[PDB]
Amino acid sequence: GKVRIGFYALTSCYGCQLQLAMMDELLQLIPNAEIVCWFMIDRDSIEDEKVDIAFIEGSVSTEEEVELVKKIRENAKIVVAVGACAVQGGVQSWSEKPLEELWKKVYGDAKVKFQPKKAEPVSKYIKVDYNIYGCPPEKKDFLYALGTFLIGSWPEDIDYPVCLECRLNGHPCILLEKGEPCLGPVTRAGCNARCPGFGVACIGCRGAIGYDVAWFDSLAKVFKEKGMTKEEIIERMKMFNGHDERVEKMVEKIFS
């Protein structure tokens, strides 16, 4: 009896798997366990093994991926959504463009035996029990859930914005001082504020959090003297959170 972990895959850049892959003592890092299905790494992998942990990565973009996510919800006591493509539908959700106008704008009228669908989180069809965030997640975010899950416990989610860690590091607001639209005050954290800390704006990759605490003195004031309109913030929050229905009124608290 060694805890069963499979790593299954949907529609992705496999960065979230790449991330687990390039962690180097990884098998010293999950010993009370066994890897049963990770096709990128094991050819001895089978999909219809009953597993204990189910790291599902990617969007549901083809119909048979509706068959897979239901398939794995059944052979798994825990289905963990890994990365923004599986947590949020990703960057393939930031257009509401119907599938067919997207088929025509790329394929014209040329049929593929396989059924494509608009992008959707894993949550739509099957129950997600936990969420590892980031595009891709941080090594420290994979260390946490695997190790905690494997001593028997349950993981939890950092509910504070990127701006807290941002400030910790001594990082100067590239928002206040430089006019870049940072999605840092509305993005869950964990990245050690990587993008402020490169003179770059937070682009949202770790997911939407809500702005229910007054971290900035007046973000509306900053957004009304940088020239950042509520619609702007929305197009940008939508690049990794285009299925959040909460966006439209979260940015509206900020300007109210």
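Don't overthink the numbering: it's just position in the shown sequence, from 1.
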item: Stretch exceeding the other in mean C-alpha B-factor - 9 to 17, 244 to 252; value: 244 to 252
item: Mean temperature factor over C-alpha atoms, higher-scoring stretch between 179 to 187 and 93 to 101; value: 93 to 101
item: Options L26, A33, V200, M40 - largest CA temperature factor per the record; value: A33
item: Chain third (lowest, middle, highest) by recorded CA B-factor, residue given as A208; value: lowest
item: Ranked against its chain, the third holding the CA B-factor of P137; value: lowest
item: Third assignment of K111 from its chain's C-alpha B-factors; value: middle
item: Chain third (lowest, middle, highest) by recorded CA B-factor, residue given as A193; value: middle
item: Chain-relative CA temperature factor third for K224; value: middle
